[PDB]
Structure formats: structure tokens, C-alpha cells
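A look at the structure
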There are 2 protein chains.
Amino acid sequence: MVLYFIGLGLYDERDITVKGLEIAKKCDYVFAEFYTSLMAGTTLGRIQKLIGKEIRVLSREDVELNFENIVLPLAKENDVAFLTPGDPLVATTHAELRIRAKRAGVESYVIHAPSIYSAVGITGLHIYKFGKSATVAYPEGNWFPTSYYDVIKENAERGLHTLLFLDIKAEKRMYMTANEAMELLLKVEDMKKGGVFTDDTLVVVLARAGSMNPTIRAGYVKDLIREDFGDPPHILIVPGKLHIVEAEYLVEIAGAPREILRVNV
Amino acid sequence: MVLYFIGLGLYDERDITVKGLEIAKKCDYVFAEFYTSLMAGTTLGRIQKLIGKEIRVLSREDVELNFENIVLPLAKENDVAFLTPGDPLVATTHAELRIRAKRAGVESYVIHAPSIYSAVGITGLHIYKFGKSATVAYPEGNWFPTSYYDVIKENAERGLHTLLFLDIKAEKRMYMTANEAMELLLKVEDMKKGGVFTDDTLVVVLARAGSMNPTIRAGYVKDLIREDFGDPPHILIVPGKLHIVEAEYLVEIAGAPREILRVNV
Ligand SMILES: Nc1ncnc2c1ncn2[C@@H]1O[C@H](CSCC[C@H](N)C(=O)O)[C@@H](O)[C@H]1O
Ligand code: NA
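Per the PDB record, the structure was determined using X-ray crystallography to 2.20 Å resolution.

Below, the structure written as C-alpha cells:
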């Protein structure tokens, strides 16, 4: 009679909380999805071994179209868990799944876990200063989307930071690197020419947040565009004007050039 | 000879990640602060019991003025952990403490935990639609803070949601309720009269996120300003322009007036 939305956290199988683990262990059925994101620091096998339960993976369609025919029926006479990378309900369409549960007479509870939305605090950038967030999508065919560029513009204009999620093809396991995101943004700049993203723009790259050894690099596009940040997933941030304390952290921790202490403050 | 920043999570001791628990267990010394937030469902004893160590609790002054004199010296010869509610680097100034660590030749690692910043996802409001954040601070003497009012205005003009962290005076055991935040906001409106926060403004209250039954309520200020949302901590959110599914969730899950379903696109 109960459905548990449980977050898996950032990087590996140990990123789930103690509460999430113990609750999952007591569930009769455990489902998971890896289409909104993947756990690059672990495998399904390692997660299953840790939880001690067989885990049935669900595709995007399984969830978006048939959540009520696959997960909810079991939740009527059993304790069921639905695992997702990060913190539950962060992915835009997941909150609606709770309405589906209610509609079916099923109780649902949320067990939180670390999300990149909060984990980016490791970049030293004040989290109250982040503005609207966006996702950089690959152009294709006659389709060349650029809304994420306008997001950066509206945020930076008000001195706010822009968190940028990079395109991902979970099924094909293809990730968009920060390098690719930068090249794309430079391309969008040439078309819109709004003075939003150029070789002189300061950016921050966060990779493998949650791991014990994340990659945190900050610098100008002209110097980072071809730099190797390691294996995905990569997160890109376009800071607004910096707090001197933010800049100092970026210099001392993320290896940013001293130049930002005078140029971007 | 290392220093761990380890988040404890939202509500109780079980909100710590498995990674944080296992690392915290093997540390030689364990320090912690409980003034940046409130973990309503646990006690120091329960935390110590879970980690199996003696925890030395530090005050804001101990940290902000003497972190390098109390914590760092021990990190040079041992493995030290510094625990904090939620995520250690979110809406705190703890990030700067990593600079101090580095300058003392001490390596530091950050272990994230669920934060209120991402937990807002449980309100049904799209996480990427949040704009600049702010803190409703208690007036002191003749000093009446009001900047947070302007943040709401700026975000609202952009159709973005506003997350409002609520004040806390831990040494006086004072935790601002959403009710007090609303009262203070109406007073600021009377002063500025920008039509930003009135009896008719739709707001959302999230109380004790991290618990199994958090209080999630949405509605007009006039109706919620005196409602009892239970014990602290609370956060207040003034949504911007709503998507239909967001309104649907607020109505079905947060008990908002059915009339907000009719969004004025
Ligand atoms: N579980 C919870 N429920 C509701 N509000 C919470 C909360 N935890 C923190 N807050 C809010 O945030 C304020 C502390 S700000 C510090 C936040 C912390 N580092 C984190 O990552 O969550 C509180 O005064 C309160 O307004
Ligand atoms: Na945000």
C-alpha cells in the first residue's frame, strides 16, 4: 500500500542515504530508472548488491506512459520503491507521478538524496546567486534550439549564476562534454551576437560531483575549451559577477587564473 | 591527516549518505555545528550513537573565528570530520573554510547530503524554474532588512519561483516560521507598495522536509498567514508563473485552492 520515491545520490552506490537504504531493503519490489541520468561511479550490479534486492529497470516510456500499470498495481498490496539518480522529484516530470499514485489510492513518501542542484555548491559559488537553470541540447536536422543561451543572458544581466545541464543519451550512453557545450555556445553567440558567451567569458566546470575526487575547474573559455575534464558527467556553469570570496575560492580550489580577482569581481 | 566536510541531511541522523556514515565512522576526531540549520527529528546523542564517536559541537564564533585553531591543527596528524545539517556548502559560508584548510596545508573532501535547496522539488514546482534565492531575516533594533522583497519582485517579473530561506537564531533557539515570514513581508509591502506581496499572493510552505510526513501547503497569504504548519524548520516559496502540471500538483498534493488550476497564461 506504499510507494517510496528514493534518491540514489550523485556518483556511486554509497550516495544513497542511510534512510533510503534501510527503506529500500524492506520493500517487496524495487524499480529504478536511469534515463534522466546515470550513476557513472557505479553499476546496476553494485547497487543491487548493496540494497540486497533485485532491481527492475524501467525505461522512459515505462515511467511516463505506464507508471500506473507497472509500479502502482504492486504498491496496492506491497511496499514498493522507485529509485532515481540524485534527489527524487528533481526531474521535471517526476512530481506528477505522485498525483498518479494518489489517484490510484496509493500512499507515497519521498526519501531525499544529494542533487547536483545543491552539490554545485562545491564550486564555491553562492547558491542564492543561481538563477533560472537550463539544459544545453544538441542541434539536429533543421532544429537549432538556443533558449539556454537566453537563460544565461537574463541571469548574468542580473548578476546571477547559470547552472547548465548537458545533453545526454542515456540509452546510447552518449554524454555531451563541457568542451562540446562551450563550442556550441560559441556557435550560438556568432548567430545571436548578444555578447553573452565568448572566448573571454569565465566558466566553471564540475565533473563527477559526489565522487571522492571531483574535477572542479574555473577559467576563461579560450583556455578551457580544449582542456580535458575527464569522464562524464560534466556540468557547466556561467557565473555572474563574482563575490570576492567566490573568486578566491575559484582561484584557490578550482585553479582559476588570478586575473578573475580583478576582472570578474 | 585529512579533513572531511560531511553533510548530515534534512531531518534526522539517517539523512546522512552511506558514504558519509562509513567515512565519519573511521575518523579520529569529529566536530560539528548546528547553527546553520535545524534537524528537527534527531538529537546529538542519536548522531553520536550512529557514528559511534564523541562529537564536539562548535558555535558560530568557534567556526568563523577559530576554525583554524580548533579543527585544522588536528587535521594535520589525524583524519577529522566536520558535520553540518543538510549539505555543508549550501546557504552557509563554510566553503571559505576550505581555503583556510588549504592555506594550513590540510587536504579537504566534501561529502554531500540532501539539501533543502533541492528538496523543494517535493512542492511540485519545477526546480529549474527557481530564480535568485533570498533569506527573510528577523529585524533587530531599528534595522529592518528588506532586500529579500526585491528578489521576489525580480524573479516574479521573470515568471521565476523564489525560494526563501528563513532566519535562525540557534543560540536563542529561535526558528522563523513561514507565518512570521509572511507577516514581515506584508509589512515591507506596506512600505514599498510594489504589489509584490499581498493577501492575494499565492505562496507555498514546506516544513520539516526530510521527515516522512513533511507539511506541504500552498495557497493565498490571507488564508495561510495564520495556519499552523507544525514545528520548524520552514521555508517559504513565492511561485512565479505556473505550469499547468505545477498547479495540478499544488492542488492535489498541497491542498491549494482548485482555482489556481486556471492559470492566466
Ligand atoms: N528540512 C527542512 N525543512 C524546511 N526548511 C529547511 C529545512 N532544512 C533547512 N531549511 C531551511 O533553510 C534554513 C537553513 S539554511 C542552511 C541550509 C543547509 N546547508 C541545507 O543544505 O539545507 C532554515 O532556516 C530553513 O528555512
Ligand atoms: Na536553482
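Moving on from the model shown.
**Quick look at empty space enclosed by the protein**
For the coordinates displayed, the defined rule picks out five cavities of 30 Å³ or more. Approximately 70 Å³ is the volume found for the largest cavity. Every residue lining the largest cavity is listed: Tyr117(A), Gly131(A), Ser133(A), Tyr117(B), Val120(B), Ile127(B), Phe130(B) and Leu163(B). Counted by class, the lining of the largest cavity contains six nonpolar, two polar and no charged residues. Taken as a whole, the second largest cavity encloses approximately 50 Å³ of empty space. For the second largest cavity, the full set of lining residues is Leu10(A), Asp15(A), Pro114(A), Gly210(A), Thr17(B), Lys19(B), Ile111(B) and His112(B). A class-by-class count of the residues in the lining of the second largest cavity yields three nonpolar, three polar and two charged.

**Observations concerning the site of ligand 1**
All names here are of chain B. Not every one of the 19 residues close to ligand 1 is listed here, only the nearest: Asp-87, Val-90, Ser-115, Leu-166 and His-234. In this structure, a nitrogen atom belonging to ligand 1 sits 3.5 Å away from a side-chain N or O atom of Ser-37. Contact with the protein chains hides 96% of the accessible area of ligand 1, taken as 550 Å² for the molecule alone. Only β7 (162–166) and β12 (234–238) provide two or more residues apiece to the shell around ligand 1. When residues of the shell around ligand 1 are assigned to domains, at least three fall in each of domain 1 (1–114) and domain 2 (115–265).

**Here's the deal with the layout of surface pockets**
Residue and element names in this part refer to chain A. In this structure, the second largest pocket spans a volume of roughly 1,300 Å³. Broken down by secondary-structure element, the contributors of at least two residues to the lining of the second largest pocket are α3 (60–70), α5 (116–119), β6 (134–136), α6 (147–157), β7 (162–166), β10 (202–207) and β12 (234–238). If one sorts the elements of the lining of the second largest pocket by residue count, α6 sits on top with three residues. Of the residues contributing to the lining of the second largest pocket, the split by class is 27 nonpolar, 13 polar and seven charged. Residue-level mapping places the lining of the second largest pocket at the junction of two domains, with at least three residues from each of domain 1 (1–114) and domain 2 (115–265).

**Focus: the packing of aromatic side chains**
Residue and element names in this part refer to chain A. Taken as a whole and assessed by the stated rule, the structure comprises nine aromatic pairs over all chains. Between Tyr-4 and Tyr-109, the ring centres sit 5.9 Å apart and the planes meet at 35°, which makes this aromatic pair tilted. Pair noted here: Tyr-4 is in strand β1 (residues 2–7) and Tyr-109 is in strand β5 (residues 107–111), with a separation of 105 residues, a long-range link. Aromatic ring contacts, followed pair by pair, group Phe-5, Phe-67 and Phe-82 into a single cluster.

**What to know about the UniProt feature "binding site: S-adenosyl-L-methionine" in chain A**
According to UniProt, the positions carrying the feature "binding site: S-adenosyl-L-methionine" are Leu10(A), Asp87(A), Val90(A), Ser115(A), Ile116(A), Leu166(A), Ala209(A) and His234(A). Of the residues named above, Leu10(A) line the second largest cavity. Take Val90(A): it is sitting in the loop between β4 (79–84) and α4 (96–103). Relative accessible area serves as the criterion here: at 15%, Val90(A) is assigned to the buried category. Those residues within four positions of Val90(A) in sequence are excluded, and the remaining contacts are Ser115(A), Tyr117(A), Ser118(B) and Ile127(B). Relative to the helices and strands, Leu166(A) is located in strand β7. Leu166(A) has contacts with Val136(A), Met176(A), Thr177(A), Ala178(A), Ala181(A), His234(A), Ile235(A) and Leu236(A), leaving out every residue within four places of it along the chain.

**Here we look at the nonpolar core**
The tendency in soluble globular proteins is for nonpolar side chains to be buried as a group. Grouped together as the largest cluster of nonpolar side chains are 97 residues, with contacts concentrated most on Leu3(A) and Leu3(B). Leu3(B) has contacts with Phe67(B), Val71(B), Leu72(B), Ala75(B), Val80(B), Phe82(B), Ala101(B), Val106(B), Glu107(B), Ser108(B) and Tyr109(B), leaving out every residue within four places of it along the chain. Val136(B), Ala178(B), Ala181(B) and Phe229(B) belong to the second largest nonpolar core, which has 27 residues in total.

**Some remarks on unusual backbone geometry**
Trans is the prevailing form of peptide bonds, just as negative phi is the prevailing case for residues other than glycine. The linkage connecting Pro232(A) with the following residue, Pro233(A), adopts the cis geometry, with an omega of 0°. Despite not being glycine, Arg208(A) shows a phi value in the positive range, around 55°. Inspection of the secondary structure puts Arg208(A) in the loop between β10 and β11 (215–220). With phi around 55°, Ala91(B) is a residue other than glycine that occupies positive phi space.

**A word on the relation of the copies chain A and chain B**
Rotating chain A by 180° about the axis while translating it 0.0 Å along that axis superimposes it on chain B, leaving an RMSD of 0.9 Å. Within this description, the copies of the chain are treated as partners about a two-fold rotation axis. Looking at the interface residues of chain A, 95% of them are also at the interface in chain B, so both copies use one shared face.

**Thoughts on the side chain of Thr123(B)**
Residue and element names in this part refer to chain B. As for its placement among the helices and strands, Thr-123 is situated in the loop between α6 (116–119) and β6 (134–136). For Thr-123, a relative accessible area of 0% corresponds to the buried category. Excluding residues that lie within four positions of it along the chain, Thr-123 makes contacts with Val-204, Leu-206, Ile-216, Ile-237, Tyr-249 and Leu-250.

**Observations regarding the environment of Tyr175(B)**
Residue and element names in this part refer to chain B. Following the sequence through the fold, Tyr-175 ends up in strand β9 (residues 174–175). Judged by its relative accessible area of 24%, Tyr-175 is partly exposed. Linking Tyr-175 and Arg-226, residues 51 residues apart in sequence, is a C-alpha distance of 16 Å.

**With respect to the packing of α6(A) against helix α7 (residues 178–192) of chain A**
Residue and element names in this part refer to chain A. Contact pair α6 / α7: the axes reach a minimum separation of 10 Å and the direction vectors enclose 80°. Relative to α7, α6 is oriented roughly perpendicular. On α7, the residues touching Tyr-148, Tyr-149, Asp-150 and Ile-152 of α6 are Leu-184, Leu-185, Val-188, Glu-189 and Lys-192. Its residues assigned to classes, the contact of α6 with α7 shows six nonpolar, no polar and three charged.

**Some details on the sheet that holds strand β1 (residues 2–7) of chain B**
Residues and elements named next belong to chain B. With parallel pairing, the five strands of this open sheet are ordered in space as β3-β2-β4-β1-β5. Of all strands in the sheet, those bounded by a partner on one side alone are β3 (55–58) and β5 (108–111). Taken pair by pair, the neighbouring strands of this sheet meet at an average axis angle of 25°, ignoring direction. Here β1 runs beside β5; their pairing, made up of four bridges, is parallel. Within β5, the residue paired with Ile-6 across the bridge is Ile-111. Relative to the sheet, helix α1 (residues 18–25) contacts β1, β2 (29–33) and β5, its axis offset from that of β1 by approximately 140°.

Thresholds, definitions, all that
Residues numbered from 1 in each chain as written, not as in the entry; some residues may be left out. Chains lettered and ligands numbered in written order. Heavy atoms only, no water. 1 Å grid on protein atoms, 1.4 Å probe; cavity = no way out; pocket = protein on both sides within 12 Å on 5 of 7 lines; lining within 4 Å. Points joined across faces, edges and corners; volume = space filled by probe spheres on them. Nonpolar A, V, L, I, M, F, W, Y, C, P; charged D, E, K, R; others polar. Near = heavy atom within 4 Å. Polar contact = N/O pair within 3.5 Å; in protein donor to acceptor, adjacent residues only side chain to side chain. Areas by Shrake-Rupley, 256 points an atom, 1.4 Å probe, with all protein chains shown as cover. Helix = DSSP H or I, 4+ residues; strand = E, 2+ residues; numbered from the N terminus. Domains from an automatic or database assignment. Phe/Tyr/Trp six-rings, centres within 6.5 Å; stacked < 30°, edge-to-face > 60°. UniProt positions renumbered as here; feature names shortened; annotations may be inferred. Buried < 20%, exposed > 50% of the residue type's maximum accessible area, 1.4 Å probe, protein only. Contact = heavy atoms within 4.5 Å. Core = buried A, V, L, I, M, F, W, Y, C linked by side-chain atoms within 4.5 Å. Least-squares fit on C-alpha atoms. Axes fitted to C-alpha atoms, helices over the stretch in contact; angles between N-to-C directions. Parallel < 35°, antiparallel > 145°, perpendicular 65-115°, else oblique. Pairing = 2+ DSSP bridges.

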